[PDB]
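Trainee: below is the sequence, then the experimental coordinates.
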Amino acid sequence: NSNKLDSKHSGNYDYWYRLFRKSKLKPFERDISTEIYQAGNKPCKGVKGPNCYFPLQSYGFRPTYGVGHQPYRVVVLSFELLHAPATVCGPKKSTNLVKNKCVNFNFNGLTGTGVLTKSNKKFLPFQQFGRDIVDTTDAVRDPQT
Amino acid sequence: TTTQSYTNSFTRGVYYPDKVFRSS
Amino acid sequence: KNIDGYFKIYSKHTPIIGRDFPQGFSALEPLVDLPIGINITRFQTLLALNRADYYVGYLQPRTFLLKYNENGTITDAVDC
Ligand SMILES: *[C@@H]1O[C@H](CO)[C@@H](O)[C@H](O)[C@H]1NC(C)=O
Ligand SMILES: *[C@@H]1O[C@H](CO)[C@@H](O)[C@H](O)[C@H]1NC(C)=O
Ligand SMILES: *[C@@H]1O[C@H](CO)[C@@H](O)[C@H](O)[C@H]1NC(C)=O
């Protein structure tokens, strides 16, 4: 509910909304247009009152209405959870290290078990993982250290 | 303009397939 | 390369020797990786302004053996 930013003294008629459209609205469609709705058979766009109505009306907001008339602030989120290269993801949580101890590690999605400690490798800057001759994960670079 | 000369690549154009450290 | 999108670029800068295209081994290191995911069938180059280059090759899926240095770099590779 936003009754502070959309309400001041002496009223406010800033917002607009359309009760009159030629048809229904297709999914995710914007129809910003000022076309007077036809009534009967008149092509009237000069007549303003009867049988020729403006397509959009106002959302005149004041600090004193009922709850059903308050200027609610609505934000809708649409996601695309399909087979596609992921771009936006959640806040993955990081933790401590605790070296020289058997610890379950989940390094940047590489999950396993073992004991981790300092090394004297020669990792190149682009390098992220480590392995051996038999292709088993040997060394991992700390993503936050 | 440009020329369409043909040469031999010899041994060249080798990149790291992955980012996994390997030694010996 | 554009394998499953995920555009790949690898670069390496060598000051070269008296010749132009050498034989001495030179590894190629990645720089960036981002999901382009668009059709890529044509390729063109851009030039500069001013008042023996652009050697272009193509890749095929082959099997390779690479000798990894003790430091992790690449010292010698052999085609199969
Ligand atoms: C990780 O981010 C924190 C928060 O800004 C910063 O203090 C720290 O130096 C960063 N470390 C690395 C390795 O980026
Ligand atoms: C490829 O180059 C080698 C020698 O540089 C030779 O096989 C021939 O000149 C070229 N092959 C062509 C142009 O089909
Ligand atoms: C473009 O790529 C898509 C999949 O990435 C493929 O289905 C389509 O046939 C391609 N169109 C071309 C190569 O003209």
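Mentor: Structure's in. What do you need? Residues are numbered from 1 along each chain as shown, chains lettered A, B, ... in the order given. Ligands and ions are numbered 1, 2, ... in the order given.
Trainee: is the most centrally placed residue in chain A in a helix, a strand, or coil?
Mentor: In chain A, the residue lying closest to the centroid (C-alpha atoms, centre = their mean) is residue A:77, at 4.4 Å. Under DSSP: H, G, I helix; E, B strand; the rest coil, the three-state class of residue A:77 is coil.
Trainee: tell me the phi and psi of the residue of chain C found nearest ligand 2?
Mentor: Nearest residue of chain C to ligand 2, counting by C-beta to the nearest ligand atom: residue C:21, 11.0 Å away. Bear in mind the C-beta positions are built from the backbone N, C-alpha and C, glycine included. The phi/psi pair for residue C:21 (degrees, to the nearest 10) reads phi -110, psi 110.
Trainee: that one against residue B:13, yeah?
Mentor: No. Counting by C-beta atoms under 8 Å, no contact exists between residue C:21 and residue B:13, whose distance comes to 10.7 Å.
Trainee: neighbour count: those two, which is higher?
Mentor: Taking other C-beta atoms under 10 Å in any protein chain shown, residue C:21 and residue B:13 do not tie; residue B:13 has more neighbours (14 against 11).
Trainee: which helix or which strand is home to whatever residue of chain C ends up closest to chain B?
Mentor: In chain C, the residue found nearest to chain B is residue C:28; the distance is 3.5 Å by C-beta to the nearest C-beta. Assigned by DSSP states H and E, residue C:28 belongs to strand C:27-34.
Trainee: helix or strand right after that strand?
Mentor: By DSSP H and E, the next helix or strand past strand C:27-34 is strand C:64-68.
Trainee: residue C:65 versus the residue nearest to the centre of chain A, what's the distance?
Mentor: 50 Å (C-beta to C-beta, to the nearest Å).
Trainee: how about residue A:21?
Mentor: Counting by C-beta to C-beta, the gap between residue A:21 and residue C:65 amounts to 68 Å.
Trainee: do residue A:134 as well
Mentor: Distance of residue A:134 to residue C:65, computed by C-beta to C-beta: 17 Å.
Trainee: look at those two and report which has more neighbours.
Mentor: Under the neighbour definition other C-beta under 10 Å, residue A:134 and residue C:65 were set side by side, and residue C:65 has more, 9 against 6.
Trainee: for that one, give me its contacts.
Mentor: When contacts are counted by C-beta atoms under 8 Å, 6 or more residues apart in numbering or on different chains, residue C:65 touches C:77-78, C:80.
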